[PDB]
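Following: one structure in structure tokens, then a few remarks.
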Protein chains: 2
Amino acid sequence: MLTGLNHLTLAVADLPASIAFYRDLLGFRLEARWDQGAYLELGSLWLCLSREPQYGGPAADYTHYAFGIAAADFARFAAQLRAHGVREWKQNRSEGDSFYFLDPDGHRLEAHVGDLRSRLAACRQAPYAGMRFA
Amino acid sequence: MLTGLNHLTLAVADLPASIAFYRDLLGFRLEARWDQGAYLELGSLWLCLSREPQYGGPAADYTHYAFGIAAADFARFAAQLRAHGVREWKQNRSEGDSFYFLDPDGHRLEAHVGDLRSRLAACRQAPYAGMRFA
Ligand SMILES: [K+]
Ligand SMILES: [K+]
Ligand SMILES: [Mn+2]
Ligand SMILES: [Mn+2]
């Protein structure tokens, strides 16, 4: 019955800082803003920012949100965010270029070259420990 | 230059339980499973489940992940998951039918009828406090 992802909503403590991050560094389009949140769009992704002034960010675990990027744009993106002072949380190890960075609250983000099909094809050629396919 | 959402990765304490939930209850297709994770697909959404020992779930905030559903399927989906004993975390108040439910770790999920455009149109008629559009 479900059709795919409809929207992603992130708690944010500092709404102005988060809008500026997602709009200006990550290139989201700001579609609406109000006293307690904002709606942005990137491709078909609907992002909601929900203002929660006491929010401290997530604890340390592997939950994260990956955005796509083309191969030819990857190096420039990584270099741009590095030059802006963005903090990284992981060095890439899996198939396809990836840049693993934190948002202003500490949500874990990724910019990734590739998709599920390229991952599965790389895994078929070199399956992970215990790996089995559909 | 980012293209949209590439994948969503969730930390899970009980990888078997989480696969069963997303595959068998929510209808994701299991594409690959290994000792420390799984890859599933729903429409264009690539979901990765990452095994995380002793993970206790997120703390309480509004961060959540919404999946789309057709209007004609909404009521039967909500009824199905209620019958299966899924726990709800919010009663719908915003435009478009929504069912707000927890996964086995306590990740906050939503099944939603509507999209960003239907939301913006409704908000222009009944705006949130301080709302601005662009
Ligand atoms: K990677
Ligand atoms: K709603
Ligand atoms: Mn990832
Ligand atoms: Mn929502």
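First listed ligand is number 1; within each ligand, the first listed atom is number 1. Below, read A as the first sequence line, B as the second, and so on, with proteins coming before strands; counting in each chain starts at 1. Atom set for the values below is all heavy atoms of this structure, side chains included, hydrogens, waters and symmetry mates excluded.
More than 12 heavy-atom neighbours from other residues, nucleotides or ligands sit within 6.0 angstrom of CD on A:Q36. Within a 6.0 Å radius of CZ in A:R87, other residues, nucleotides and ligands contribute 12 heavy atoms or fewer.
Residues A:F28 and A:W46 keep their aromatic ring centres 6.0 Å or farther apart. For B:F67 and B:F77, the ring centers are positioned 6.0 Å apart or more. In summary, the aromatic rings of B:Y55 and B:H107 are positioned with their centroids under 6.0 Å apart.
Listed by chain and residue number, the protein N/O/S atoms under 2.8 Å of the Mn ion (ligand 4) are A:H7 NE2, B:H64 NE2, B:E110 OE1, with waters left out.
In this structure, B:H7 and A:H112 have perpendicular ring planes: the angle between them is above 60°, well past the 30° mark. Classified by interplanar angle (parallel below 30°, tilted 30° to 60°, perpendicular above 60°), the ring pair B:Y39/A:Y128 is perpendicular. Using a 30° and 60° split on the angle between ring planes, A:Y65 and B:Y65 fall in the tilted class, from 30° to 60°.
If you count the protein N, O or S atoms nearer to the K ion (ligand 1) than 3.4 Å, you get 6.
Checked for salt-bridge contact, A:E110 and A:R108 miss the test: no charged N lies under 4.0 Å from a carboxylate O.
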